[PDB]
>>> print(open('structure_4.cif').read())   # mmCIF, N, CA and C atoms
data_upload
#
loop_
_atom_site.label_atom_id
_atom_site.label_comp_id
_atom_site.auth_asym_id
_atom_site.auth_seq_id
_atom_site.Cartn_x
_atom_site.Cartn_y
_atom_site.Cartn_z
N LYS A 4 -12.48 12.84 -9.90
CA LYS A 4 -12.38 12.44 -8.51
C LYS A 4 -11.45 13.39 -7.77
N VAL A 5 -11.84 13.78 -6.57
CA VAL A 5 -11.03 14.69 -5.77
C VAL A 5 -10.03 13.90 -4.94
N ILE A 6 -10.30 12.64 -4.78
CA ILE A 6 -9.44 11.77 -4.01
C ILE A 6 -8.33 11.25 -4.89
N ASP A 7 -7.13 11.74 -4.65
CA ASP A 7 -5.96 11.32 -5.40
C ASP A 7 -5.31 10.15 -4.71
N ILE A 8 -5.08 9.09 -5.43
CA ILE A 8 -4.55 7.89 -4.85
C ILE A 8 -3.22 7.52 -5.46
N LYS A 9 -2.27 7.21 -4.60
CA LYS A 9 -0.95 6.85 -5.06
C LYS A 9 -0.82 5.34 -5.09
N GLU A 10 -0.35 4.82 -6.19
CA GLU A 10 -0.19 3.39 -6.32
C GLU A 10 1.29 3.03 -6.27
N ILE A 11 1.74 2.62 -5.11
CA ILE A 11 3.13 2.26 -4.91
C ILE A 11 3.35 0.77 -5.22
N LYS A 12 4.29 0.51 -6.11
CA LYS A 12 4.57 -0.85 -6.58
C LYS A 12 5.75 -1.49 -5.83
N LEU A 13 5.66 -2.79 -5.62
CA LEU A 13 6.74 -3.57 -5.05
C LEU A 13 6.90 -4.86 -5.85
N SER A 14 7.88 -5.66 -5.50
CA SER A 14 8.13 -6.91 -6.17
C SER A 14 8.49 -7.99 -5.16
N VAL A 15 8.28 -9.25 -5.52
CA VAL A 15 8.61 -10.36 -4.64
C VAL A 15 10.10 -10.36 -4.33
N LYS A 16 10.90 -10.13 -5.36
CA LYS A 16 12.32 -10.02 -5.19
C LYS A 16 12.69 -8.55 -5.05
N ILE A 17 12.43 -8.02 -3.87
CA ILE A 17 12.72 -6.63 -3.58
C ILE A 17 13.59 -6.50 -2.33
N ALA A 18 14.41 -5.47 -2.31
CA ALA A 18 15.27 -5.19 -1.18
C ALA A 18 14.44 -4.60 -0.03
N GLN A 19 14.77 -4.98 1.20
CA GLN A 19 14.04 -4.50 2.38
C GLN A 19 14.22 -2.99 2.55
N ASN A 20 15.39 -2.51 2.17
CA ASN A 20 15.70 -1.09 2.24
C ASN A 20 14.73 -0.32 1.35
N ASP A 21 14.44 -0.88 0.19
CA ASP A 21 13.51 -0.27 -0.75
C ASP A 21 12.09 -0.27 -0.17
N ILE A 22 11.72 -1.36 0.51
CA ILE A 22 10.41 -1.47 1.17
C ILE A 22 10.27 -0.41 2.25
N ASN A 23 11.31 -0.28 3.05
CA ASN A 23 11.34 0.67 4.17
C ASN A 23 11.19 2.10 3.69
N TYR A 24 11.86 2.41 2.62
CA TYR A 24 11.79 3.71 2.02
C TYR A 24 10.36 4.00 1.51
N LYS A 25 9.76 3.01 0.86
CA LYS A 25 8.42 3.15 0.30
C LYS A 25 7.34 3.34 1.37
N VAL A 26 7.42 2.60 2.48
CA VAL A 26 6.43 2.76 3.56
C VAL A 26 6.51 4.16 4.18
N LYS A 27 7.70 4.76 4.14
CA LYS A 27 7.88 6.12 4.64
C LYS A 27 7.00 7.09 3.87
N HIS A 28 7.06 7.01 2.56
CA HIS A 28 6.26 7.86 1.71
C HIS A 28 4.80 7.51 1.82
N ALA A 29 4.52 6.21 1.95
CA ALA A 29 3.15 5.74 2.09
C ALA A 29 2.49 6.42 3.28
N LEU A 30 3.22 6.47 4.40
CA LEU A 30 2.72 7.11 5.61
C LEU A 30 2.48 8.60 5.38
N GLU A 31 3.41 9.25 4.69
CA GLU A 31 3.32 10.68 4.44
C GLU A 31 2.10 11.03 3.58
N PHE A 32 1.82 10.22 2.57
CA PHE A 32 0.63 10.44 1.74
C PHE A 32 -0.65 10.19 2.52
N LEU A 33 -0.60 9.22 3.43
CA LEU A 33 -1.73 8.92 4.30
C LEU A 33 -2.02 10.13 5.18
N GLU A 34 -0.96 10.75 5.66
CA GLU A 34 -1.05 11.96 6.48
C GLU A 34 -1.72 13.09 5.69
N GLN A 35 -1.68 12.99 4.37
CA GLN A 35 -2.31 13.96 3.49
C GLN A 35 -3.79 13.62 3.28
N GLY A 36 -4.20 12.47 3.81
CA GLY A 36 -5.58 12.05 3.68
C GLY A 36 -5.84 11.28 2.41
N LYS A 37 -4.79 10.76 1.80
CA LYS A 37 -4.94 10.02 0.56
C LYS A 37 -4.78 8.53 0.79
N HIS A 38 -5.05 7.77 -0.24
CA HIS A 38 -4.92 6.33 -0.22
C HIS A 38 -3.68 5.88 -0.98
N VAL A 39 -3.06 4.82 -0.50
CA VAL A 39 -1.94 4.22 -1.18
C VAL A 39 -2.30 2.80 -1.56
N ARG A 40 -2.16 2.48 -2.82
CA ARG A 40 -2.47 1.16 -3.29
C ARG A 40 -1.19 0.41 -3.51
N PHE A 41 -0.99 -0.63 -2.74
CA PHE A 41 0.21 -1.42 -2.86
C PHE A 41 -0.01 -2.52 -3.85
N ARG A 42 0.74 -2.48 -4.93
CA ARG A 42 0.59 -3.45 -5.99
C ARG A 42 1.91 -4.15 -6.21
N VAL A 43 1.88 -5.45 -6.29
CA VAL A 43 3.08 -6.21 -6.52
C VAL A 43 2.89 -7.16 -7.69
N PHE A 44 3.84 -7.14 -8.59
CA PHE A 44 3.81 -8.01 -9.74
C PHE A 44 4.80 -9.13 -9.53
N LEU A 45 4.34 -10.35 -9.72
CA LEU A 45 5.21 -11.49 -9.56
C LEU A 45 6.16 -11.54 -10.75
N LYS A 46 7.45 -11.63 -10.47
CA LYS A 46 8.48 -11.52 -11.50
C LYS A 46 8.36 -12.60 -12.57
N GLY A 47 8.17 -13.84 -12.16
CA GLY A 47 8.00 -14.91 -13.13
C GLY A 47 7.97 -16.27 -12.49
N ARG A 48 9.06 -16.63 -11.83
CA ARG A 48 9.17 -17.93 -11.18
C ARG A 48 8.22 -18.04 -9.99
N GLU A 49 8.06 -16.95 -9.28
CA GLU A 49 7.18 -16.90 -8.12
C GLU A 49 5.71 -16.73 -8.53
N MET A 50 5.46 -16.57 -9.83
CA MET A 50 4.11 -16.39 -10.33
C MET A 50 3.25 -17.63 -10.06
N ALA A 51 3.90 -18.75 -9.81
CA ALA A 51 3.21 -19.99 -9.51
C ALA A 51 2.68 -19.99 -8.08
N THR A 52 3.11 -19.02 -7.27
CA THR A 52 2.67 -18.93 -5.89
C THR A 52 2.20 -17.51 -5.54
N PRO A 53 0.88 -17.29 -5.55
CA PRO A 53 0.26 -15.99 -5.24
C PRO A 53 0.54 -15.53 -3.81
N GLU A 54 0.78 -16.49 -2.93
CA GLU A 54 1.02 -16.20 -1.52
C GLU A 54 2.28 -15.36 -1.32
N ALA A 55 3.21 -15.45 -2.27
CA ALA A 55 4.45 -14.68 -2.19
C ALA A 55 4.14 -13.19 -2.17
N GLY A 56 3.23 -12.77 -3.05
CA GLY A 56 2.81 -11.38 -3.09
C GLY A 56 2.05 -10.99 -1.85
N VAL A 57 1.23 -11.91 -1.38
CA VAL A 57 0.42 -11.69 -0.20
C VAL A 57 1.31 -11.46 1.03
N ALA A 58 2.30 -12.32 1.20
CA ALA A 58 3.21 -12.23 2.34
C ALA A 58 4.00 -10.93 2.30
N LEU A 59 4.39 -10.51 1.10
CA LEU A 59 5.12 -9.26 0.93
C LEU A 59 4.27 -8.08 1.38
N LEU A 60 3.02 -8.06 0.93
CA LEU A 60 2.10 -6.99 1.26
C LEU A 60 1.76 -6.97 2.74
N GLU A 61 1.59 -8.15 3.31
CA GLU A 61 1.30 -8.27 4.74
C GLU A 61 2.42 -7.67 5.57
N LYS A 62 3.66 -7.84 5.11
CA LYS A 62 4.81 -7.27 5.81
C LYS A 62 4.72 -5.75 5.79
N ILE A 63 4.29 -5.21 4.65
CA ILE A 63 4.11 -3.77 4.48
C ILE A 63 3.07 -3.27 5.46
N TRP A 64 1.95 -3.97 5.51
CA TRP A 64 0.86 -3.64 6.40
C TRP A 64 1.35 -3.64 7.85
N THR A 65 2.18 -4.61 8.19
CA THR A 65 2.74 -4.69 9.53
C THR A 65 3.58 -3.44 9.85
N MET A 66 4.33 -2.97 8.86
CA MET A 66 5.19 -1.80 9.02
C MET A 66 4.39 -0.50 9.24
N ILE A 67 3.30 -0.32 8.49
CA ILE A 67 2.55 0.96 8.51
C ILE A 67 1.23 0.90 9.28
N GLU A 68 0.90 -0.25 9.83
CA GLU A 68 -0.38 -0.42 10.56
C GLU A 68 -0.56 0.59 11.70
N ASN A 69 0.53 1.18 12.14
CA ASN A 69 0.50 2.16 13.20
C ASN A 69 -0.25 3.44 12.80
N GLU A 70 -0.13 3.85 11.55
CA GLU A 70 -0.78 5.07 11.09
C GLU A 70 -1.70 4.80 9.91
N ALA A 71 -1.86 3.54 9.57
CA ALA A 71 -2.69 3.17 8.44
C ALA A 71 -3.82 2.24 8.85
N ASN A 72 -4.90 2.29 8.10
CA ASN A 72 -6.03 1.42 8.31
C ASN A 72 -6.12 0.48 7.13
N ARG A 73 -6.59 -0.71 7.36
CA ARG A 73 -6.65 -1.72 6.35
C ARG A 73 -7.99 -1.68 5.60
N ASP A 74 -7.94 -1.28 4.34
CA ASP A 74 -9.15 -1.23 3.51
C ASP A 74 -9.61 -2.63 3.14
N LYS A 75 -8.64 -3.50 2.85
CA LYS A 75 -8.96 -4.88 2.47
C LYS A 75 -7.72 -5.78 2.60
N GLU A 76 -7.87 -7.03 2.24
CA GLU A 76 -6.78 -7.99 2.30
C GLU A 76 -6.03 -8.05 0.98
N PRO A 77 -4.72 -8.37 1.03
CA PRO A 77 -3.92 -8.56 -0.17
C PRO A 77 -4.36 -9.82 -0.90
N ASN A 78 -4.55 -9.71 -2.20
CA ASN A 78 -4.98 -10.85 -2.99
C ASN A 78 -4.41 -10.78 -4.39
N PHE A 79 -4.21 -11.93 -4.99
CA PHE A 79 -3.69 -12.03 -6.34
C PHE A 79 -4.83 -11.94 -7.34
N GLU A 80 -4.83 -10.90 -8.14
CA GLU A 80 -5.88 -10.69 -9.11
C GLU A 80 -5.35 -9.89 -10.30
N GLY A 81 -5.23 -10.56 -11.44
CA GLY A 81 -4.72 -9.90 -12.63
C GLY A 81 -3.20 -9.91 -12.68
N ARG A 82 -2.61 -10.96 -12.12
CA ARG A 82 -1.15 -11.14 -12.07
C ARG A 82 -0.48 -10.14 -11.12
N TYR A 83 -1.30 -9.35 -10.47
CA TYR A 83 -0.84 -8.42 -9.46
C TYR A 83 -1.51 -8.73 -8.15
N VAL A 84 -0.76 -8.69 -7.10
CA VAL A 84 -1.30 -8.85 -5.77
C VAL A 84 -1.43 -7.46 -5.19
N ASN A 85 -2.61 -7.07 -4.76
CA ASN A 85 -2.80 -5.70 -4.29
C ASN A 85 -3.49 -5.62 -2.94
N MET A 86 -3.04 -4.66 -2.15
CA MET A 86 -3.61 -4.36 -0.86
C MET A 86 -3.76 -2.85 -0.74
N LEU A 87 -4.82 -2.40 -0.11
CA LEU A 87 -5.07 -0.98 -0.02
C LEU A 87 -5.18 -0.53 1.43
N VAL A 88 -4.63 0.64 1.71
CA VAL A 88 -4.65 1.19 3.05
C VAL A 88 -5.29 2.56 3.08
N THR A 89 -6.17 2.76 4.04
CA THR A 89 -6.85 4.01 4.23
C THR A 89 -6.15 4.78 5.34
N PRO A 90 -5.94 6.08 5.16
CA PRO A 90 -5.27 6.91 6.16
C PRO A 90 -6.10 7.00 7.45
N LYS A 91 -5.42 7.05 8.57
CA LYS A 91 -6.07 7.05 9.87
C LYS A 91 -6.63 8.44 10.21
N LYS A 92 -6.36 9.38 9.33
CA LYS A 92 -6.86 10.75 9.49
C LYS A 92 -8.21 10.93 8.79
N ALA A 93 -8.83 9.81 8.44
CA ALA A 93 -10.12 9.82 7.80
C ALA A 93 -11.23 10.11 8.82
N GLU A 94 -12.44 10.38 8.31
CA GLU A 94 -13.60 10.69 9.14
C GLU A 94 -13.45 12.01 9.88
N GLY A 95 -12.62 12.89 9.35
CA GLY A 95 -12.48 14.21 9.92
C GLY A 95 -13.77 15.01 9.75
N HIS A 96 -14.39 14.84 8.56
CA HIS A 96 -15.68 15.47 8.19
C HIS A 96 -15.62 17.00 8.08
N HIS A 97 -15.05 17.65 9.07
CA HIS A 97 -14.89 19.10 9.04
C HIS A 97 -13.42 19.48 8.94
N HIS A 98 -12.57 18.48 8.98
CA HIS A 98 -11.13 18.69 8.96
C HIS A 98 -10.60 18.84 7.53
N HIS A 99 -10.94 19.96 6.90
CA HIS A 99 -10.47 20.27 5.56
C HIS A 99 -10.66 21.75 5.25
N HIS A 100 -9.71 22.32 4.51
CA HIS A 100 -9.74 23.73 4.09
C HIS A 100 -9.67 24.69 5.29
N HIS A 101 -8.54 25.38 5.41
CA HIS A 101 -8.34 26.33 6.49
C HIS A 101 -8.83 27.71 6.07
#
>>> encode(input="structure_4.cif", output="structure tokens")
Amino acid sequence: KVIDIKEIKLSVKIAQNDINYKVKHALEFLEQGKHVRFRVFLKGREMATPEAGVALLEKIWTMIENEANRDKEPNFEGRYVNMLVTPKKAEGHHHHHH
């Protein structure tokens, strides 16, 4: 595959500073025309509530929605809640290789 995708991980019990830092890189990779897969693993106690991961991911989406497109919704599947964002620089079609 020519499409390289970065899978950035987060946690329910995560610092906001860490989230902020991660969305920065997420945006930069999007600017490269790549995809970032946000995956969150429920630590243990919060594993009883999948919505915790969903809410975390939604916050991320809120932060980067300015330069990111939403590929799908965050959902709990395989003990990981994942959401994917497509770069807004997509559909260039001719915008590659100088």
>>> resolve_selection(input="structure_4.cif", expression="the PyMOL selection byres (((chain A and resi 50-55 and name CA) around 8) and name CA)", output="VMD selection string")
chain A and resid 15 45 to 49 56 to 59 78 to 79 82 84
>>> write_last_selection(input="structure_4.cif", atoms="N, CA and C atoms", output="PDB file, keeping the file's coordinate frame")
ATOM      1  N   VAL A  15       8.280  -9.250  -5.520  1.00  0.00           N
ATOM      2  CA  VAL A  15       8.610 -10.360  -4.640  1.00  0.00           C
ATOM      3  C   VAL A  15      10.100 -10.360  -4.330  1.00  0.00           C
ATOM      4  N   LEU A  45       4.340 -10.350  -9.720  1.00  0.00           N
ATOM      5  CA  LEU A  45       5.210 -11.490  -9.560  1.00  0.00           C
ATOM      6  C   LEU A  45       6.160 -11.540 -10.750  1.00  0.00           C
ATOM      7  N   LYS A  46       7.450 -11.630 -10.470  1.00  0.00           N
ATOM      8  CA  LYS A  46       8.480 -11.520 -11.500  1.00  0.00           C
ATOM      9  C   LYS A  46       8.360 -12.600 -12.570  1.00  0.00           C
ATOM     10  N   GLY A  47       8.170 -13.840 -12.160  1.00  0.00           N
ATOM     11  CA  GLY A  47       8.000 -14.910 -13.130  1.00  0.00           C
ATOM     12  C   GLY A  47       7.970 -16.270 -12.490  1.00  0.00           C
ATOM     13  N   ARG A  48       9.060 -16.630 -11.830  1.00  0.00           N
ATOM     14  CA  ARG A  48       9.170 -17.930 -11.180  1.00  0.00           C
ATOM     15  C   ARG A  48       8.220 -18.040  -9.990  1.00  0.00           C
ATOM     16  N   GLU A  49       8.060 -16.950  -9.280  1.00  0.00           N
ATOM     17  CA  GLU A  49       7.180 -16.900  -8.120  1.00  0.00           C
ATOM     18  C   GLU A  49       5.710 -16.730  -8.530  1.00  0.00           C
ATOM     19  N   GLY A  56       3.230 -12.770  -3.050  1.00  0.00           N
ATOM     20  CA  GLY A  56       2.810 -11.380  -3.090  1.00  0.00           C
ATOM     21  C   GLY A  56       2.050 -10.990  -1.850  1.00  0.00           C
ATOM     22  N   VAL A  57       1.230 -11.910  -1.380  1.00  0.00           N
ATOM     23  CA  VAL A  57       0.420 -11.690  -0.200  1.00  0.00           C
ATOM     24  C   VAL A  57       1.310 -11.460   1.030  1.00  0.00           C
ATOM     25  N   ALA A  58       2.300 -12.320   1.200  1.00  0.00           N
ATOM     26  CA  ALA A  58       3.210 -12.230   2.340  1.00  0.00           C
ATOM     27  C   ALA A  58       4.000 -10.930   2.300  1.00  0.00           C
ATOM     28  N   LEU A  59       4.390 -10.510   1.100  1.00  0.00           N
ATOM     29  CA  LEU A  59       5.120  -9.260   0.930  1.00  0.00           C
ATOM     30  C   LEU A  59       4.270  -8.080   1.380  1.00  0.00           C
ATOM     31  N   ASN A  78      -4.550  -9.710  -2.200  1.00  0.00           N
ATOM     32  CA  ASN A  78      -4.980 -10.850  -2.990  1.00  0.00           C
ATOM     33  C   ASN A  78      -4.410 -10.780  -4.390  1.00  0.00           C
ATOM     34  N   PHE A  79      -4.210 -11.930  -4.990  1.00  0.00           N
ATOM     35  CA  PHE A  79      -3.690 -12.030  -6.340  1.00  0.00           C
ATOM     36  C   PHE A  79      -4.830 -11.940  -7.340  1.00  0.00           C
ATOM     37  N   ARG A  82      -2.610 -10.960 -12.120  1.00  0.00           N
ATOM     38  CA  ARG A  82      -1.150 -11.140 -12.070  1.00  0.00           C
ATOM     39  C   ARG A  82      -0.480 -10.140 -11.120  1.00  0.00           C
ATOM     40  N   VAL A  84      -0.760  -8.690  -7.100  1.00  0.00           N
ATOM     41  CA  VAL A  84      -1.300  -8.850  -5.770  1.00  0.00           C
ATOM     42  C   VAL A  84      -1.430  -7.460  -5.190  1.00  0.00           C
TER      43      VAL A  84
END
>>> residues_around(input="structure_4.cif", residues="residue A:87", least_positions_apart="6", cutoff="12 Å", atoms="only C-alpha atoms", output="list in words")
residues 8, 9, 10, 11, 12, 29, 33, 37, 38, 39, 40, 41, 42, 43, 60, 61, 63, 64, 67, 68, 71, 72, 73, 74, 75, 76, 77 and 78 of chain A
>>> select_by_dssp(input="structure_4.cif", residues="chain A", states="helix (DSSP H, G or I)", output="count of residues only")
34
>>> atom_distance(input="structure_4.cif", atom1="atom C of residue A:89", atom2="atom C of residue A:20")
21.9 Å
>>> closest_residue(input="structure_4.cif", among="A:27, A:36, A:69, A:44", to="residue A:6", atoms="only N, CA and C atoms")
A:36
>>> atom_distance(input="structure_4.cif", atom1="atom CA of residue A:65", atom2="atom CA of residue A:34")
17.3 Å
>>> atom_distance(input="structure_4.cif", atom1="atom N of residue A:30", atom2="atom CA of residue A:85")
16.1 Å
>>> axis_aligned_box(input="structure_4.cif", around="stretch 22-33 of chain A", padding_each_side="8 Å", output="AutoDock Vina command-line options")
--center_x 4.9 --center_y 4.8 --center_z 3.0 --size_x 29.9 --size_y 28.5 --size_z 21.3
>>> decode(input="structure_4.cif", residues="stretch 4-40 of chain A", atoms="N, CA and C atoms", output="CSV table (one decimal), in the first residue's frame")
chain,number,residue,atom,x,y,z
A,4,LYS,N,0.8,-1.2,0.0
A,4,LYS,CA,0.0,0.0,0.0
A,4,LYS,C,0.9,1.2,0.0
A,5,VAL,N,0.5,2.2,-0.8
A,5,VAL,CA,1.3,3.5,-0.9
A,5,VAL,C,0.8,4.4,0.2
A,6,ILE,N,-0.4,4.2,0.7
A,6,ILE,CA,-1.0,5.1,1.7
A,6,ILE,C,-0.5,4.6,3.0
A,7,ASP,N,0.3,5.5,3.6
A,7,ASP,CA,0.9,5.2,5.0
A,7,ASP,C,0.0,5.8,6.0
A,8,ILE,N,-0.5,5.0,7.0
A,8,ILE,CA,-1.4,5.5,7.9
A,8,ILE,C,-0.8,5.5,9.3
A,9,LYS,N,-1.0,6.5,10.1
A,9,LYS,CA,-0.4,6.6,11.4
A,9,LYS,C,-1.5,6.3,12.4
A,10,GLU,N,-1.3,5.4,13.3
A,10,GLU,CA,-2.3,5.1,14.3
A,10,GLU,C,-1.9,5.7,15.6
A,11,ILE,N,-2.5,6.8,16.0
A,11,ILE,CA,-2.2,7.5,17.2
A,11,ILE,C,-3.1,7.0,18.3
A,12,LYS,N,-2.5,6.5,19.4
A,12,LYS,CA,-3.2,5.9,20.5
A,12,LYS,C,-3.5,7.0,21.7
A,13,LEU,N,-4.6,6.8,22.3
A,13,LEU,CA,-5.0,7.6,23.5
A,13,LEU,C,-5.6,6.7,24.5
A,14,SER,N,-5.9,7.2,25.7
A,14,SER,CA,-6.5,6.5,26.8
A,14,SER,C,-7.6,7.3,27.5
A,15,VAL,N,-8.5,6.6,28.1
A,15,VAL,CA,-9.6,7.3,28.8
A,15,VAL,C,-9.0,8.2,29.9
A,16,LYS,N,-8.0,7.7,30.6
A,16,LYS,CA,-7.3,8.4,31.6
A,16,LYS,C,-6.1,9.0,31.0
A,17,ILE,N,-6.3,10.1,30.3
A,17,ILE,CA,-5.2,10.7,29.6
A,17,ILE,C,-5.2,12.2,29.9
A,18,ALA,N,-4.0,12.8,29.9
A,18,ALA,CA,-3.8,14.2,30.2
A,18,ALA,C,-4.2,15.0,28.9
A,19,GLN,N,-4.9,16.2,29.1
A,19,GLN,CA,-5.3,17.0,28.0
A,19,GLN,C,-4.1,17.6,27.2
A,20,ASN,N,-3.1,17.8,28.0
A,20,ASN,CA,-1.8,18.3,27.4
A,20,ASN,C,-1.3,17.3,26.3
A,21,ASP,N,-1.4,16.0,26.7
A,21,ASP,CA,-1.0,14.9,25.8
A,21,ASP,C,-1.9,14.9,24.6
A,22,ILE,N,-3.2,15.1,24.8
A,22,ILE,CA,-4.2,15.1,23.7
A,22,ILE,C,-3.8,16.2,22.7
A,23,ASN,N,-3.6,17.4,23.3
A,23,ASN,CA,-3.3,18.6,22.5
A,23,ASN,C,-2.0,18.4,21.6
A,24,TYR,N,-1.1,17.8,22.2
A,24,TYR,CA,0.2,17.5,21.5
A,24,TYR,C,-0.1,16.5,20.4
A,25,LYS,N,-0.8,15.5,20.6
A,25,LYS,CA,-1.1,14.5,19.6
A,25,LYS,C,-1.9,15.0,18.4
A,26,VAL,N,-2.9,15.9,18.7
A,26,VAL,CA,-3.7,16.4,17.6
A,26,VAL,C,-2.8,17.3,16.7
A,27,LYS,N,-1.8,17.9,17.3
A,27,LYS,CA,-0.8,18.7,16.5
A,27,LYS,C,-0.2,17.9,15.4
A,28,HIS,N,0.3,16.7,15.8
A,28,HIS,CA,1.0,15.8,14.9
A,28,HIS,C,0.0,15.2,13.9
A,29,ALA,N,-1.2,15.0,14.4
A,29,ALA,CA,-2.3,14.4,13.6
A,29,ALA,C,-2.6,15.3,12.4
A,30,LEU,N,-2.7,16.6,12.7
A,30,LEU,CA,-2.9,17.6,11.7
A,30,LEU,C,-1.7,17.6,10.7
A,31,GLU,N,-0.5,17.6,11.2
A,31,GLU,CA,0.7,17.6,10.3
A,31,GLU,C,0.7,16.4,9.4
A,32,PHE,N,0.4,15.2,9.9
A,32,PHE,CA,0.3,14.1,9.0
A,32,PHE,C,-0.8,14.2,8.0
A,33,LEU,N,-1.9,14.8,8.4
A,33,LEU,CA,-3.0,15.0,7.5
A,33,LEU,C,-2.6,15.9,6.3
A,34,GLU,N,-1.8,16.9,6.7
A,34,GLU,CA,-1.2,17.9,5.7
A,34,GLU,C,-0.3,17.1,4.7
A,35,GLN,N,0.2,16.0,5.1
A,35,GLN,CA,1.0,15.1,4.2
A,35,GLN,C,0.1,14.3,3.3
A,36,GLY,N,-1.2,14.3,3.6
A,36,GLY,CA,-2.1,13.5,2.8
A,36,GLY,C,-2.3,12.1,3.3
A,37,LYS,N,-2.0,11.9,4.6
A,37,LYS,CA,-2.1,10.6,5.2
A,37,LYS,C,-3.3,10.5,6.1
A,38,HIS,N,-3.6,9.4,6.6
A,38,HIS,CA,-4.7,9.1,7.5
A,38,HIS,C,-4.1,8.9,8.9
A,39,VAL,N,-4.9,9.3,9.9
A,39,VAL,CA,-4.5,9.1,11.3
A,39,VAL,C,-5.7,8.3,11.9
A,40,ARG,N,-5.3,7.2,12.5
A,40,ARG,CA,-6.3,6.3,13.1
A,40,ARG,C,-6.2,6.5,14.6
